[PDB]
Amino acid sequence: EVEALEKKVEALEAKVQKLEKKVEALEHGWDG
Amino acid sequence: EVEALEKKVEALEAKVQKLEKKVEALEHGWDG
Amino acid sequence: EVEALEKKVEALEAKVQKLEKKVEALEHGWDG
Numbered sequence: 001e002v003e004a005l006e007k008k009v010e011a012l013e014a015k016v017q018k019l020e021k022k023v024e025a026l027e028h029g030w031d032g
Numbered sequence: 101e102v103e104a105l106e107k108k109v110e111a112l113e114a115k116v117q118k119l120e121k122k123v124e125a126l127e128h129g130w131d132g
Numbered sequence: 201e202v203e204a205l206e207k208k209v210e211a212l213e214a215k216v217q218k219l220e221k222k223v224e225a226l227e228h229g230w231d232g
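Chains as they are written, first to last, in my numbering: chain A, 1 to 32; chain B, 101 to 132; chain C, 201 to 232.
This is the structure in C-alpha cells:
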C-alpha cells in the first residue's frame with residue numbers, strides 16, 4: 001500500500017508542477 | 101499512519117482537480 | 201519510507217494552498 005501511495009503522490013507532484021507553470025503564466029502575462 | 105496519509109492524499113487530489121478546472125477555465129476563456 | 205512520504209505530501213499541501221490563493225485572486229479580480 002506504501003508503493004501505491006507513492007505513485008499517487010508522484011502523480012499529484014506532476015499535476016501540481018503543471019498547475020504552477022500555468023498559474024505563473026496567467027499571473028505574469030507570459031506568452032501573451 | 102498509512103491510512104491517515106491516504107486521506108491527506110485524497111484531499112489533495114480533490115483540491116488539485118478543482119484547481120485544474122479553474123485554471124483551464126481561466127486559460128481558455130470558459131464561462132466568459 | 202512512511203515519513204518521507206509525509207514530507208512530500210506536506211510539501212504538496214503548501215504548494216496547493218499557494219495555488220488556491222493565486223487562482224482565487226485571478227478569478228475574483230483581487231489585488232487588481
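We treat Cβ as the ideally placed atom computed from N, Cα and C, and that holds for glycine.
C-alpha gap between residue i and residue j, whole angstroms
| i | j | result |
| --- | --- | --- |
| A:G32 | B:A114 | 30 Å |
| C:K222 | A:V23 | 7 Å |
| A:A4 | B:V109 | 11 Å |
| C:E201 | C:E220 | 28 Å |
| C:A225 | C:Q217 | 12 Å |
| B:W130 | A:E27 | 17 Å |
| A:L12 | C:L212 | 8 Å |
Interface partners of residue i on chain A, CB under 7 Å
| i | result |
| --- | --- |
| C:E201 | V2 |
Contacts that residue i makes with chain A (C-beta to C-beta distance below 8 Å)
| i | result |
| --- | --- |
| C:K207 | The contacting residues do not exist; C:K207 stays about 10 Å from chain A at best. |
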